[PDB]
Amino acid sequence: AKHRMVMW
Amino acid sequence: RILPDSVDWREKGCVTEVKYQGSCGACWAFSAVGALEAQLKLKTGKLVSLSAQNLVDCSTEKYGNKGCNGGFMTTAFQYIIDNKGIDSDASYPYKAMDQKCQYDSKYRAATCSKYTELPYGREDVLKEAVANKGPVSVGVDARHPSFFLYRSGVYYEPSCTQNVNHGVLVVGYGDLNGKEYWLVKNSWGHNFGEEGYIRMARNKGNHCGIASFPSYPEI
Numbered sequence: 009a010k011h012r013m014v015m016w
Numbered sequence: 003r004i005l006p007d008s009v010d011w012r013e014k015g016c017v018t019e020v021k022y023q024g025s026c027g028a029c030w031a032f033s034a035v036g037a038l039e040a041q042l043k044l045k046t047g048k049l050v051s052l053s054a055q056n057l058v059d060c061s062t063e064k065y066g067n068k069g070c071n072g073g074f075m076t077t078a079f080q081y082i083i084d085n086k087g088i089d090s091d092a093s094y095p096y097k098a099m100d101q102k103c104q105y106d107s108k109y110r111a112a113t114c115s116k117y118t119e120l121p122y123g124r125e126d127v128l129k130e131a132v133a134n135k136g137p138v139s140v141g142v143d144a145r146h147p148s149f150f151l152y153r154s155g156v157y158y159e160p161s162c163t164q165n166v167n168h169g170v171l172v173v174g175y176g177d178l179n180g181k182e183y184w185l186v187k188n189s190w191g192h193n194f195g196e197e198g199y200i201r202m203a204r205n206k207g208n209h210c211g212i213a214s215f216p217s218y219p220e221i
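Chains as they are written, first to last, in our numbering: chain A, 9 to 16; chain B, 3 to 221.
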């Protein structure tokens, strides 16, 4: 479930 | 067990100055080194900024991380364990870009022996860890202008989700006239928020996912 902390 | 009503690890000498990540998505790396900095102080009595750049350049694809394009605090910790060290920030300073791995054990400033992941959504367990173990690395949902524009007070955003996208460091908790909050160290410099910190709503249903994926290292 964890999202890489990219689309930022 | 009894827990303090409020905690602030800055008052215990376990928190380094606020850092500025620039146009590099290295918040995960800053979160990870901030958590370990507190444990280094608790073990050795020394307060030393550790190299976020070391993680950006060296905790890469084998750890699921993509440097300035994001990563994970947990696998940052695993790199420090595997590598038997992380360099000081002074020796391996932050450049806000992806570089070749330049780790040198000559300048090792800390080690890491283990890390612990806390259960999804459990703000009570996060509170226990902050009180009794130290600052805790967490993700938050930061993809809201209200987050970047925050100036002071307790932050609450109705549009927030429990899906995290930004790594930060819980260094305490408290209440502002009974509004409970998490004291959160960011890596957007001193001009973000309250001298680089944001107080985020606590016990409001895992607000912005603050307790979705907490973890902390030990030495």
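All C-beta atoms in this analysis are idealised placements derived from N, C-alpha and C, irrespective of residue type, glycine included.
Could you tell me whether the stretch 107-119 of chain B touches the stretch 192-210 of chain B, using the rule of 3 or more Cβ pairs below 8 Å?
no
Check: Do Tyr105 (chain B) and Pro219 (chain B) have their CB atoms nearer than 8 Å?
Finding: If you number the second sequence from 1, residue 105 (chain B) lands on position 103. If you number the second sequence from 1, residue 219 (chain B) lands on position 217. Not in contact: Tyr105 (chain B) and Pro219 (chain B) (Cβ atoms no closer than 8 Å).
| said: So the candidates are B:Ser189, B:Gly66, B:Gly72, B:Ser90; which of them puts its Cα closest to the Cα of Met15 (chain A)? | reply: As a working mapping, residue 15 (chain A) is identified with position 7 in the first sequence. Closest by alpha carbon: B:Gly72.
Cβ of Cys29 (chain B) less than 8 Å from any chain A Cβ?
-> One-based indexing of the second sequence puts residue 29 (chain B) at position 27. It does: the Cβ of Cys29 (chain B) has a partner Cβ on chain A nearer than 8 Å.
>> Please tell me whether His146 (chain B) has its Cβ less than 8 Å away from any Cβ of chain A.
In response: Position 144 of the second sequence, counted from the first residue, corresponds to residue 146 (chain B). No, because no Cβ of chain A sits closer than 8 Å to the Cβ of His146 (chain B).
- [ ] Could you name the residues of chain A that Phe215 (chain B) contacts, counting a contact when the two beta carbons are closer than 7 Å?
- [x] In the second sequence, counting from the first residue as 1, residue 215 (chain B) sits at position 213. Within 7 Å Cβ-Cβ: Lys10.
### Task
Give a yes or no on whether the C-beta atoms belonging to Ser90 (chain B) and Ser115 (chain B) are separated by under 8 Å.
Translated into positions along the second sequence, residue 90 (chain B) becomes position 88. Translated into positions along the second sequence, residue 115 (chain B) becomes position 113. It is not a contact, given that the beta carbons lie outside the stated cut-off.
Next item on the list: Say whether the stretch 175-185 of chain B touches the stretch 18-32 of chain B, bearing in mind that this needs 3 or more beta-carbon pairs closer than 8 Å, one atom from each stretch.
Entry: no
Helix, strand or coil at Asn56 (chain B) [DSSP, three-state]
On the second sequence, residue 56 (chain B) is found 54 positions in, with the first residue counted as 1. Three-state DSSP puts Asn56 (chain B) in a helix.
If I measure Cβ to Cβ from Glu119 (chain B) and keep anything under 6 Å in the same chain, skipping five residues before and after, which residues do I get? As a working mapping, residue 119 (chain B) is identified with position 117 in the second sequence. Same-chain partners within the cutoff: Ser217.
| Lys97 (chain B) to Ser189 (chain B), Cα distance in whole Å? | As a position in the second sequence, residue 97 (chain B) is number 95, starting the count at 1. As a position in the second sequence, residue 189 (chain B) is number 187, starting the count at 1. Going by the C-alpha atoms only, they are around 14 Å apart.
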